[PDB]
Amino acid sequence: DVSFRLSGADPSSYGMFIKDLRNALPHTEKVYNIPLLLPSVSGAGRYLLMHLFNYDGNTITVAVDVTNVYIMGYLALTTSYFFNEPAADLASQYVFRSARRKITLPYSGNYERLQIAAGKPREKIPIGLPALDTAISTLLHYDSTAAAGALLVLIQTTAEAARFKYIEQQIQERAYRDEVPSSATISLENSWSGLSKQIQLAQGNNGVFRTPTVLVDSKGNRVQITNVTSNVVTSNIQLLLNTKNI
């Protein structure tokens, strides 16, 4: 399991949690020196439990699919909650079985659907450690509309940060003051699958991508990534979604 406590949190303890999160995800190969997530894991071992603690010390446990870093659901006191999707329904067969009741959320977990539920795109939702503390607090009592925005915050500050070093740094910059994510941050989130695939295809194409990935950079500039020499590959991405899952 991994943990994170918002109480006394600072850019350092958060960095440590994101490092623990990455290290809990198993792999047997690296591709261009980036851990490659497994094609599949059977039964219970497919799911990592993140124990998160708000500023006052109340807690939820979030179940994470170790093969794609997708949040399946969470446990808040004696009630479990899972996205309305087959992958989550399957996870409910393994985690949080001892909850007194199980609620299916009225939405699945993808960004589009959560943004519909929440009533706004995530461009307009501040993120940061204080927002994570709010997220946690909200998920403590069922409210599907408020939960959608809380889950948007929670996915970005846990899974998207484990995936990209830049996004981890964005959150650390927002340790004591939330801010909406940069468009670069949005771009990386949206390109994770594409990048993971192009890095894997470069293995037999001499480090050249078969198809270029278009990103937005820090300065807000649109740019093409075409081979493994890019800073995105060499420094930024920390985890590759296996092409068997794309």
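So that there is no doubt, residue numbering starts at 1 and follows the sequence shown.
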- Message: Quick check: 25 to 33 versus 60 to 68, which has the larger average CA B-factor in the record?
- Response: 25 to 33
- Can you let me know which of the two, 201 to 209 or 214 to 222, has the higher average C-alpha B-factor in the entry? 214 to 222
- Using the B-factors in the PDB entry, rank residue 121's C-alpha atom against the chain and give the third, lowest, middle or highest. highest
- Item | residue 228 - which third its CA temperature factor falls in, relative to the rest of the chain | highest
- So where's residue 83 on the chain's Cα temperature factor ranking, which third? lowest
- Task: Sorting the chain's modelled residues by C-alpha B-factor, tell me whether residue 93 ends up in the lowest, middle or highest third.
- Result: highest
- Lowest, middle or highest third - CA B-factor, residue 41: highest
